[PDB]
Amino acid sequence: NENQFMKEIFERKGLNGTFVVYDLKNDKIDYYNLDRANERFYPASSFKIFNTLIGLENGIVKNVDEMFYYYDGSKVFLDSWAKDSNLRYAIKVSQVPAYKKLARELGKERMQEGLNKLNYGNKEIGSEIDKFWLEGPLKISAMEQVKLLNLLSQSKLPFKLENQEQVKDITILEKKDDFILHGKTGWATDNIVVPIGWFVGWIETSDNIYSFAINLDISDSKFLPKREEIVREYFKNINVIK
């Protein structure tokens, strides 16, 4: 059964996409568009969550607070990227050049081993070590993202506990008394006719964890706010955001 509230919001907004929420305490899923929930898409910058985990596991940086990317005056799409950074800052601003540097330093072999340890989507790297998550060939489904995030949120992935902790800490979006929202946005625009907007993450409350993924057809940057709007509207409906 599709979640009826999710169905209504998608229909109201007139958007094509999918949304999955896993409720840990109740071991159950709530979804809109099951077939698309299982369809694999380029993860775009939602892959930064896991790129960071694999980088930490390999010791590419000591931790997410160690300076790592050194800016050189080169062209950057967002002005927030035109500065030296650590990974913590880099994920928060989605600083692609810092994560391309990470990918390259990891190299194909170590990156592949990371994807394979995670069983991440189709696990395809192709022959573009700093593009594979943004233009193909890597693809992952909303359902697959949720499974991974459910594990990450409980430090249950096969990675060092302190590295999982770091990735949780850098992904904090809104901490309130009654919930803490972690997540990452992405937008797949390359090598695709209809771009795909992602927002993935989880919400921990005093006694539950809700892991989630939405993706939507988004052709104009003006509609990118809708990814997080729809997610917050659902979590307000169920009194998690409160």
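Heads up: residue numbers just count along the shown sequence, starting at 1.
Once the C-alpha B-factors are averaged per stretch, 110-118 and 68-76 rank with 68-76 first.
Stretch comparison (9-17 versus 229-237) by mean CA B-factor in the PDB entry places 9-17 on top.
The maximum CA B-factor among the listed residues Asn215, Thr185, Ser206, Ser211, taken from the PDB record, is found at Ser206. Taking only the listed residues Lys123, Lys168, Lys160, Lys100, the entry reports the highest CA temperature factor at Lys160. Sort the modelled residues of the chain by CA B factor and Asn150 lands in the middle third.
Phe179: CA B factor in the middle third of modelled residues in this chain (values from the PDB entry). The deposited CA B-factor of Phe41 belongs to the middle third of values across its chain. When all modelled residues of the chain are sorted by CA temperature factor, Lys131 is found within the middle third. Annotation for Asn26: CA B-factor lies in the highest third of the chain's modelled residues.
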